[PDB]
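Following this are structure 1 and structure 2, which are two forms of one protein chain, each written alone as structure tokens.
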Structure 1
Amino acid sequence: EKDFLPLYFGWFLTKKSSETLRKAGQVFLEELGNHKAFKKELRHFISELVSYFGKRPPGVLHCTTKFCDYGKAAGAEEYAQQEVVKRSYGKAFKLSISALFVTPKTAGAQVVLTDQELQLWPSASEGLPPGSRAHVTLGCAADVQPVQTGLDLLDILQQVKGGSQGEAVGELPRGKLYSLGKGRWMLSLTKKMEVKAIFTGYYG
């Protein structure tokens, strides 16, 4: 029922998985801030990356599906009355991590959803396949709010799909690093990172 809804739904990574992903994120920043291919393109990133993305989530990482504001968000009730939503509540999932991105605003991870997980998914509003926004925020610039992460990921996918993917500029240990221009960086993983999580609601 509407009034019992959560603030939002999502895949909340397990402690072990959350920490794995948190670790892997900081390595991408440690290795990105020191990659010469990035040090030249600092004019288009700014006027140490871990510190730049100093606003990090304070608990476990999670992949948001539907912001609900306790039933009073747009479409909140309808998402909740879906048979997949009320049945997969409290069930455990295995998300795939596709790439890790870095813009001058936010740093995050991209999620590729299985057809079954996509049943839980509710400008960039156009052209791309569903669930393309699916992510995990790993950091934010001091003055940037986290919802920005979803739109940068879409901005990158409108680019790679656009053809402006741009050839490889750097080889990292976990995958090849690409540079899409306006301070946007992407690490496409040689082996996708499988991360465990639970589908549930966030309360207070």
Structure 2
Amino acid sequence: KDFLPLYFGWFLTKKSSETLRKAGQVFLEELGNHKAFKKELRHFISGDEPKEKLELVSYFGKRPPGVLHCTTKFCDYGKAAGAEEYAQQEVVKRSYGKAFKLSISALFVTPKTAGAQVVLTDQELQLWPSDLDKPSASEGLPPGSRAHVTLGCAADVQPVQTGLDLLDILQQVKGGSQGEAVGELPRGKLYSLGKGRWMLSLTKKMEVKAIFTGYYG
């Protein structure tokens, strides 16, 4: 029997991966120095940290090696639920190796993860899986809302958490967030969502080039 990839997704080109990685790092630096973030630090960490400055680049140390990616379907070589159905789809086979542009609308941080929110085109949405275990933070969010690029994770967090963290952030702002920004960073408006959750809504969306394919460990 033929096994499947570990996961399907869009793998950023080297240059797009470097552009987004650098924007993520700049965000972490700017956020950690922002007055609003600093005065909410005890909502973010929970230990015996001193009354000194947290460097978010250190905090989010488990950064992807190599290129960045946006996962569609985690397959675990066929062991994940829904893997075989996903992979057999015409659209997946037709798209395999195709180039796409991914639109990044926002960067976000929680105490667990840092990531970029991806807003998929209608063509890209056809590659989004139709799975069976709906996260409660996805209630009243449209399919494909979880799409993201992981930028870093805290030490004991697994990268999958980044999509759950995005969904939870999106739940906070689903009714609209006009007038609610706590402040601004150079590239957009900064939102403080409580419980260590922060979102930079980009003034101008970023656009990265990627290729749809399957990754094998």
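Residues are numbered by position in structure 1's sequence, first residue being 1. Here the rigid core means the biggest group of C-alpha atoms that line up within 1.5 Å when the two forms are laid on top of each other.
Q: Is residue 34 one of the residues whose Cα moves 2 Å or more between structure 1 and structure 2, with the core superposed?
A: Residue 34 C-alpha, core-superposed: shift of less than 2 Å.
Q: Any chance the CA of residue 166 moves 2 angstroms or more between structure 1 and structure 2, core superposed?
A: Result for residue 166: yes, a 2 Å-plus shift.
Q: How many Å does the Cα of residue 71 travel between structure 1 and structure 2 when the structures are matched on their rigid core?
A: Between its two positions, the C-alpha of residue 71 lies 2.3 Å apart after core fitting.
Q: If the core is used for the superposition, what shift in Å does the C-alpha of residue 80 show between structure 1 and structure 2?
A: It moves 1.3 Å at the C-alpha.
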